[PDB]
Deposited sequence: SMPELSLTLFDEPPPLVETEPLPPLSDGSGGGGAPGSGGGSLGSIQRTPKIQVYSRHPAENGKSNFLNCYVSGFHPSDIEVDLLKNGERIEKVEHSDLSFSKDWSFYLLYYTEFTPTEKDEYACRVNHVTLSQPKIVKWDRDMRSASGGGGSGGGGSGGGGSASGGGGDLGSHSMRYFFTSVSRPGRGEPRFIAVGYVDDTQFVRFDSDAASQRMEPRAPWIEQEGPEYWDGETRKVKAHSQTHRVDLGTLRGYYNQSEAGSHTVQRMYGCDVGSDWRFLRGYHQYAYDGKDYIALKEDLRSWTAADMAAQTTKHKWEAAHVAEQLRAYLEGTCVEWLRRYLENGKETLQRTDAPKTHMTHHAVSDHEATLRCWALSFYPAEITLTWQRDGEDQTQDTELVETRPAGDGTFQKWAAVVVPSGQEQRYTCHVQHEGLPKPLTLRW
């Protein structure tokens, strides 16, 4: 499934973004009903981060988290979560520390087939000055569904399943993905060392490389787009262009890499993978995971009303439990678009494979009924309108 070979950057001789934080339950919170408390952190760089869920101020010990992944702009996101049963008295919060934060930040818990398909592999390596190899985390996605992962800190040293429908694949599959992913981790190990040497950075600092591969297919599952991009310290380094036959080098180090990869016909070999292999395995996964991968889950929508004063109210339009993640929430007033005085949250994972989002508008108390929330999602044959 993964590409077979990765070539290092060269021949033989740091962005700081602060985390956004959302603290929320997976399901509407009812006292006495088991639930999951989520702390979603996103848009941060570098990837090192400290996240604790708190109950009445005390660290919760049985807290798990998602495999490190990143967005198009190379910023990282992680879901931390624990199972809990809300009560009336208990208070929960998320405590985050990161190199961009002078003090820890505490956010209180306030309480048909898809129209197109993609496969993505994301790789992150973080050097560890002073001893040993980089931390290496790889994840694979079909659409918005993670299905494999490799974590160098995990005990198995194996590519591991993260979706039920990938477990069908036989031992040969897991041996091959394990072999390829470990080879990719060594490419990054070399790359981190040579990049440090190109930029004359000290051995005492931790740096990051990020790599992504993927293919897109349209509603017919035929090849639409292929991608391959590489970043150093959260910044573009080199990217394969749309035509899959040339490169975009961001600086002179990447320009040397472009020359090494051009002479070695990297793009020719990647084109065959992105155009063929990648799509073929995507289609195989879509067929084996059909029950979920080919199912759209329309958003479950409702509205809440919050009065902060006698003259001011907040209307919140909620979209819950939807899949895939792409969704549009808009407000209208008297049937015309309204963007003034609105707030939209980043779409976030519920933790059960579905996604959540809300949109809010501040309105004059008594005028709620002028406003309508409009929900567009490919699981809906027609957009939804909600009104208080």
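K.L.:
Comparing the deposited sequence against the modelled residues, what ranges come up empty for C-alpha?
P.N.:
In sequence order, the gaps with no modelled C-alpha are 14-43, 142-167.
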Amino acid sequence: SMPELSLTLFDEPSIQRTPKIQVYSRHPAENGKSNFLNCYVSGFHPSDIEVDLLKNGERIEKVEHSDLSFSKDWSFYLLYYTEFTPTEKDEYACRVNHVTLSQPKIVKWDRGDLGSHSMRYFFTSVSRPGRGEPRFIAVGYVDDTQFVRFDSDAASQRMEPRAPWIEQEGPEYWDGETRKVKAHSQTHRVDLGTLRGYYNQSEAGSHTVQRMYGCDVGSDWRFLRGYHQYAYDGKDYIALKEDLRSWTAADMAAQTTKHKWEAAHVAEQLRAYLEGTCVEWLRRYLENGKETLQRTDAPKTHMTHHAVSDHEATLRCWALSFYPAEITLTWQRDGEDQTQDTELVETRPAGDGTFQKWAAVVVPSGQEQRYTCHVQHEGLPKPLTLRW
From here on, numbers count along this sequence of modelled residues.
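K.L.:
On mean C-alpha B-factor from the PDB entry, just flag whether 272-280 or 314-322 is the higher one.
P.N.:
The recorded data point to 272-280.
K.L.:
Of the two stretches 32-40 and 336-344, which shows the higher Cα B-factor on average in the entry?
P.N.:
Taking the mean C-alpha B-factor of 32-40 and of 336-344, the larger value falls to 336-344.
K.L.:
Among the candidates 237, 285, 76, 198, give the one with the maximum CA B-factor reported in the record.
P.N.:
That would be 198, according to the entry.
K.L.:
Looking at the C-alpha B-factor values in the deposited entry, which of 124, 202, 82, 187 comes out highest?
P.N.:
Spelled out: the listed residue with the top C-alpha B-factor is 202.
K.L.:
Place residue 194 in the lowest, middle or highest third of its chain's C-alpha B-factors, as listed in the PDB entry.
P.N.:
Middle third.
K.L.:
Going by what the PDB entry lists, where does residue 61 fall on CA B-factor within its chain: lowest, middle or highest third?
P.N.:
For residue 61, the deposited C-alpha B-factor lands in the highest third.
K.L.:
Would you mind ranking residue 253 by its C-alpha B-factor against the rest of the chain and naming the third, lowest, middle or highest?
P.N.:
Middle third.
K.L.:
Would the CA B-factor of residue 173 place it in the lowest, middle or highest third of its chain?
P.N.:
Middle third.
K.L.:
Test of reading the entry: by CA B factor among the chain's modelled residues, which third contains residue 167?
P.N.:
Answer is middle: the recorded C-alpha B-factor places it there.
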